Structure formats: structure tokens, C-alpha cells
Amino acid sequence: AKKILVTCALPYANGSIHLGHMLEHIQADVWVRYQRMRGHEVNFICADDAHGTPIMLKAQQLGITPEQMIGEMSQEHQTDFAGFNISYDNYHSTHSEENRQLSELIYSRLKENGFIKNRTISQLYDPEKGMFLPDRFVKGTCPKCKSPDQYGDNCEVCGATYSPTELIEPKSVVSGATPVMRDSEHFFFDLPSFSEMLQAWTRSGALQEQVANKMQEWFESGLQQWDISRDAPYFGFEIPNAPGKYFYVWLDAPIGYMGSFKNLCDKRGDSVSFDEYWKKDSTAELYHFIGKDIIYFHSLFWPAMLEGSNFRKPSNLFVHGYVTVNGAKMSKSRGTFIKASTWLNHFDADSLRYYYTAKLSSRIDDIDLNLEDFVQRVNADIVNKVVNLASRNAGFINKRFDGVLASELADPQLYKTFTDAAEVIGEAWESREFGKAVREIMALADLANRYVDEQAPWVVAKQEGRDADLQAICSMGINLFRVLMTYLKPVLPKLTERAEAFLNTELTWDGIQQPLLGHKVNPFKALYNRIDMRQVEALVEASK
Ligand SMILES: [Zn+2]
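Scoring rules and cut-offs
- Residues numbered from 1 in each chain as written, not as in the entry; some residues may be left out.
- Heavy atoms only, no water.
- Helix = DSSP H or I, 4+ residues; strand = E, 2+ residues; numbered from the N terminus.
- Buried < 20%, exposed > 50% of the residue type's maximum accessible area, 1.4 Å probe, protein only.
- Contact = heavy atoms within 4.5 Å.
- Areas by Shrake-Rupley, 256 points an atom, 1.4 Å probe, with all protein chains shown as cover.
- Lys, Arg positive; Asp, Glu negative; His and termini not counted.
- Charge placed at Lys NZ, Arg CZ, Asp CG, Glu CD.
- Donors = N, O, S within 2.8 Å, 3.2 Å for Na, K, Ca; no water.
- Tetrahedral: all angles 85-135°; square planar, octahedral: opposite > 155°, others 65-115°.
- Core = buried A, V, L, I, M, F, W, Y, C linked by side-chain atoms within 4.5 Å.
- Domains from an automatic or database assignment.
- Axes fitted to C-alpha atoms, helices over the stretch in contact; angles between N-to-C directions.
- Parallel < 35°, antiparallel > 145°, perpendicular 65-115°, else oblique.
- Salt bridge = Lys/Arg side-chain N within 4 Å of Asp/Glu carboxyl O.
- Polar contact = N/O pair within 3.5 Å; in protein donor to acceptor, adjacent residues only side chain to side chain.
- 1 Å grid on protein atoms, 1.4 Å probe; cavity = no way out; pocket = protein on both sides within 12 Å on 5 of 7 lines; lining within 4 Å.
- Points joined across faces, edges and corners; volume = space filled by probe spheres on them.
- Nonpolar A, V, L, I, M, F, W, Y, C, P; charged D, E, K, R; others polar.
- Arc of directions from axis to C-beta.
- Left-handed = near helix turned anticlockwise from the far one by under 90°.
- Buried area = accessible area lost by both parts, 1.4 Å probe.

What the entry reports as its method is X-ray crystallography, with 1.49 Å given for the resolution.

K.L.:
Now, about the overall build of the chain: what can you tell me, with residues and values included?
P.N.:
Along the chain, the regular secondary structure elements total 19 helices and 16 strands. With the C-alpha coordinates aligned to their principal axes, the bounding extent of the chain is approximately 95 × 55 × 45 Å. When the 544 residues of the chain are sorted by exposure, 55% land in the buried category. Residue pairs in contact within the chain that sit at least 24 positions apart in sequence constitute 76% of those at least 6 positions apart. Carbon and sulfur atoms provide 46% of the accessible area of the chain, an area that totals close to 23,200 Å². When the 58 positive and 71 negative side-chain charges of the chain are each reduced to one mean point, those points stand 2 Å apart.

K.L.:
Describe the coordination of the zinc ion, with residues and values.
P.N.:
Here the zinc ion is held by the protein donor atoms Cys142 (SG), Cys145 (SG), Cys155 (SG) and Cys158 (SG), which lie 2.3 to 2.4 Å from it. Of note is the zinc ion, whose four donor atoms meet at the metal with angles of 106 to 112° in an arrangement that counts as tetrahedral. Ordering the donors of the zinc ion by residue number gives the pattern C-x2-C-x9-C-x2-C.

K.L.:
Please give an account of the nonpolar core that cites residues and values.
P.N.:
Within the largest apolar cluster, 158 residues are counted, with the highest numbers of intra-cluster contacts made by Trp278 and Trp429. When residues in this core are grouped by element, the largest group, twelve residues, is from helix α12 (residues 371–400). The residues that make up this core include at least three from each of domain 1 (1–137 + 173–385) and domain 3 (386–523). With sequence-adjacent residues up to four places away left out, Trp429 is seen in contact with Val30, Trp31, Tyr34, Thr357, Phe434, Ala437, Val438, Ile441, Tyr487, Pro490, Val491 and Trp509. Within the second largest apolar cluster, 19 residues are counted, among which are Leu57, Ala59, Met131 and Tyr162.

K.L.:
Before we move on, could you go through the packing of helix α1 (residues 19–37) against helix α11 (residues 349–359) and cite the residues and values that matter?
P.N.:
Where α1 meets α11, the closest approach of the two axes is 10 Å, and the angle between their N-to-C directions is 80°. The angle between α1 and α11 places the two elements in the roughly perpendicular class. Residue-level contacts link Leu19, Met22, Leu23, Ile26, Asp29, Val30 and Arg33 of α1 to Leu352, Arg353, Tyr356 and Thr357 of α11.

K.L.:
Could you give me a rundown of the side chain of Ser103, with the residues and numbers involved?
P.N.:
Mapping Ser103 onto the fold places it in helix α4 (residues 97–112). Every residue in contact with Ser103, bar those within four places of it in the chain, is listed here: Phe247, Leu251, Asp252 and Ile255.

K.L.:
An account of the pattern of salt bridges is requested, with residue identities and associated values reported.
P.N.:
Applying the stated rule across the entire model yields 21 salt bridges. The salt bridge partner of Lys489 is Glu500, with a shortest N-O separation of 2.8 Å. Of the two residues, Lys489 sits in the loop between α17 (467–487) and α18 (493–503) while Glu500 sits in helix α18, which places them eleven residues apart along the sequence. Among the charged side chains, a salt-bridge network with shared partners connects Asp29, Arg33 and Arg353.

K.L.:
Break down the environment of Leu167 for me, citing the residues and quoting the values.
P.N.:
One can find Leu167 in the loop between β7 (150–151) and β8 (168–172). For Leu167, a relative accessible area of 6% corresponds to the buried category. C-alpha of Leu167 to C-alpha of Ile70: the two residues are 97 residues apart in sequence and 33 Å apart in space. Not counting the four nearest positions on each side in its chain, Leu167 is found in contact with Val138, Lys139, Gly140, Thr141, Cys142, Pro143, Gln150, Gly152 and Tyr162.

K.L.:
Let's hear about the side chain of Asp190: which residues, and what values?
P.N.:
Take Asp190: it is sitting in the loop between β9 (180–189) and α5 (195–203). Within the buried set, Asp190 has no salt-bridge partner at all; the shortest N-O distance to an opposite charge, 4.7 Å, is to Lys117. Separated by 2.5 Å, the side chains of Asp190 and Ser193 make a polar contact. Those residues in contact with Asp190 that lie beyond four places of it in its chain are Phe115, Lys117 and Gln225.

K.L.:
Hey, could you go over empty space enclosed by the protein for me, with residue numbers and the actual values?
P.N.:
Following the criterion strictly, the structure yields one cavity of 30 Å³ or more and no others. Each pocket or cavity is described by its volume, and for the largest cavity that value is around 110 Å³. Listing elements by their share of the lining of the largest cavity, those giving two or more residues are β5 (131–132) and β11 (229–231). Classifying every residue of the lining of the largest cavity gives six nonpolar, three polar and two charged.

K.L.:
Explain α5 to me, using residue names and the numbers behind them.
P.N.:
Along an α-helix, a turn takes 3.6 residues, which lines up residues three or four apart on a common side. Within α5, burial applies to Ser195, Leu198, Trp201 and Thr202. The arc that holds the buried residues of α5, viewed along the axis, is 120°, so those residues lie on one side. Residues of α5 that are exposed and angled more than 90 degrees away from the buried face: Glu196 and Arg203. Close packing links the buried residues of α5 with α6 (209–221), α9 (295–308) and β14 (316–320).

K.L.:
Go over the packing of α5 against α6, please, and point to the residues and values.
P.N.:
Their axes nearest at 10 Å, the elements α5 and α6 cross at an angle of 155°. Here α5 is positioned roughly antiparallel relative to α6, judged by the angle of their axes. For α5 against α6, the interelement crossing comes out left-handed. Contact residues: α5 offers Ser195, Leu198, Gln199, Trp201 and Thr202, while α6 offers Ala212, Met215, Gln216 and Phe219. A breakdown of the residues in the contact of α5 with α6 according to their chemical character gives five nonpolar, four polar and no charged.

K.L.:
Quick one: what's the story with the domain arrangement of the chain, residue by residue and with numbers?
P.N.:
Think of interface size as the accessible area that goes away when the parts come together; that is how it is often given. For the chain, the domain assignment lists domain 1 (1–137 + 173–385), domain 2 (138–172) and domain 3 (386–523). Relative to domain 2, the C-alpha centre of domain 1 lies at a distance of 30 Å. Where domain 1 abuts domain 2, roughly 910 Å² becomes buried across the two surfaces, and 62% of that area is made up of carbon and sulfur atoms. Contact with domain 2 buries surface across domain 1, with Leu124, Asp135 and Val173 losing the most and accounting together for 51% of the total. Counting every contact that joins domain 1 to domain 2 gives zero salt bridges. The interface formed by domain 1 and domain 2 contains seven residue pairs in polar contact. Looking at the side of domain 1 that touches domain 2, its residues break down into nine nonpolar, three polar and three charged.

This is how it looks when you write it as C-alpha cells:
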């Protein structure tokens, strides 16, 4: 009955999708698929974050327009996400008319409401190229240790940090020219005016405890005003009434959440849903799945901007930790910085979806992809626990019973044990306690395989006169498989499709209450094959 709008953070347009992005998009997709299974109206919304100085400069380096470059990367990203079955209702771009109109609208309301301040700043400027330089486009000699060729605000030899204005013999990374200090008028969002409102959000109990604790540190330090403008030359949207000034990504990137939804509504010819979801009086739910590095933005700047422009605020923020591989941050030299596209050359999507889901929880702790454990766990749980219930039983049904399952459950009390677990498992999906859900599902899978072992169909099948017993045993196992695959349907979309083809039925959450009786199933080739460490080694080699 609920109306739910769910986002993931917008991938930056100047890098390929990697396993860190995939943790976030898979986590959100599992949640979204569960919510759809429970009958809710769900809109899963994302987009590429496509503006700014690094994008402008990279396109100039490539000798193509920024529009061409971001279009190519948007296609690459969407191809990768589609390969992992991320079920967006719309994937748009911050470089869009919807985002331009919403950025202009929000800015105009913030300004009319007194929340935009003008301030003159001083920044390093490349007088040959004719542009202000972000810190990382200034290089020079470390003032402390005198090491040459250091970039931005820190030295990678001695570890010192300093303003780039302290670098010795500074050079523009863009042109090689010596930069100079130049003043410019910038426009700032008066975030400190929302401090009391934001403090009340933190105490409310909606947010992850770990997230609320971080916000307390930020209130202690004191909220600052945030620059929302950039000078030309820029790739982005110009500020009304301010020639030569553009919206900085702080302002336009999250508006892409709104612009992507507006695009979806407009393409559908739906003239009511945008306001229904984003007006202050909305009864729809708004959730953002994000990582640890963007908590401050989404918990402080973003709700303040929405409040100040007369829009509703997020219902909650769902924050996850970082991905590690083999216990450490992804490492290019070790081949553990793994692209989504590369992953799919070696493994299917369901394997990684399962592995991350088995590790995920409602906390912000990091998620480790241990590659040895990945092989062991996929083979143990998918191949040998869940799919085994179908593969060990379906042959007898197809070959000796014309594909027809028994007319009654052999063990109705065991079946009820499995259906009774739906409440706790669904609550675990709902609360983002994914690891708890998987543990419960796999405990049931162990109980199902225990049942089959106890009945010993490989013995019954060779014994004269026991056809009916064999059909009963094997049909019971297949019905337990039906239930387990329903619980795993948010996690394993492709395996689920194969299971539905075998079972001749769509799997629905409520459908488990009606077992398959006197019901024709289909033959299948392997539903899921084993993986091995040779494939892991190949993936690692390919990623170096
Ligand atoms: Zn140094």
C-alpha cells in the first residue's frame, strides 16, 4: 500500500563502475525487490553525476565534447548495472533539462528565503588557461621536505599537509603556467541557519545510531556555510542573473534524485506523482542508500536545502560501509581493484549478489569480499544447499512420474516450519538485516536437505514397489525448494527465473501458503554450476 522512492548515490561520470559501487546498488536492489514482492509502489531512481571541472578537463584532454564523453560513460554504467540486474525504474543524468529547471527553482527559493550569501574568495588561478584551479590541479614542491612534483594539499613523501598556496614553485597541472591568487564572488548556502532543525533530526531515532553519533561531532565543530557556485569555464548549469557563474555540484548533484524522478513522471505522462512524492505534505516514503563518505552531505546539507526550498526531507538514510577485498582496500597492484564489467567476464551476477547479501547488515561496517571464502560459500550454499534440493529430486519426478508432483505433502508439519519463517525472514529483509535473513534461509536449507537424507531417495528408488514413496519424497523436497527460492528471490534474480521455469510458476511471497500439488514441473539443465579458485586467479590477473 506504500509509495516508496528509493535512490542510490549517483555514480560519477568519469570512472567505471567497480565492486564498491556494486555493494551499494545490490544492497538497494535487494531491498527494492523485496518491497515490490510485498505489493508496494516502489520507484527505484538513479542517474550519472555528470558535471564539473574534472569532467570538463578530461573531455578537453580526449578532444571530444563533454556531452559525448558523459554519454559514453552513461551507457557503460547502465550496461554494467543491467548485467547485475539492478532494477531501476529510471536511470537519468544530472545533465538534463529536468535538473536544470529544478536547480534553478531551488536556488531561486533559497535566495528569496534569505539562505544564499555572497562572499568574495581568493583562489589560485591559471592565467594562461584562464581558469581557477581546484587544489588537485596545482602541483609544486613540498614546503616542508622540498620534494618536487607534489599535488594539491599534501605531500606523498613526508606526509605534510598544507594549503596549495604554500607549495614552492607552483605549476598548473592544466597548462604548466605559474598560478596566481585571484578574487571571485561566490554564493554560499547558509546551512548554519538550519542547525536546530538538523539537531532535532539526529535525536529522533530514525537514523542509524552510528550515523547519528557522527553528526554530533559535526555539530560540535560547528556547521559552516557551503559554496554552491563555480566560475566559468565550467561544464554545468549557469546561475540565473549571475553571468559567468555556475552551480557547483553540491547543489546540482542531489537535485538529480529529483530530476530523475521528474523525468520518469514526464515520460509516463504522469502529471501528479512528482508533487505527491516531493511536496512537504507527502505521505510517500523517501529513502537514500549511500556510503560512509557522503553522510555529512545527505544528513545536513541536503535536508536543509529541501526544507529551505519547500520540499519534503528524506524519511531515512540507509548507510553502508566500504568494500574490502581479502581484508584490505582494493589494490590495483594486487589485482583487487575489480571493475563490474570485468567481474561478469568470470562470474555471474547472482554469485556476488549472494555473497554481499550474506555479509550485509543494518550497520555501517565494512563488507569484506574474501575471494577464497567467496568460492567456498557460493558452492556450499547455492549449489550444495539450495539448488541441491531441486537437482537431487527433479530427475526422479521427470523420469518416473512424467513431471508430476504428488497430490499431497509428505510432511505437512515440516512444510509449515518453512512457511512460518516468512515473517522473520521478511522482517529481516525489511530492516536491512540481510545477513540474518540469509542465515535463516540457509538453516532451513539445511533442514530440507536433512529431511531428504533421512528419507534416502537413492535407496527408495532401487526398491521394488516404492514408486509412491519416491514421488512423495522428491515432491516434498521440490516444495521446500519453492519456498526457499521465494525467500531468495530478491537476492538471486537470474537463478529465480530459472527456478520459475522449472517449477512452472511465478514465485510470490504469499504463494508459499499453497504448495505445488498434482502439478507439472519441467526438466532443466544445470540450475547453477560450481565455481573454483582458478576463476578467482583469472579475475585477479585480468584486473592488474
Ligand atoms: Zn614533503
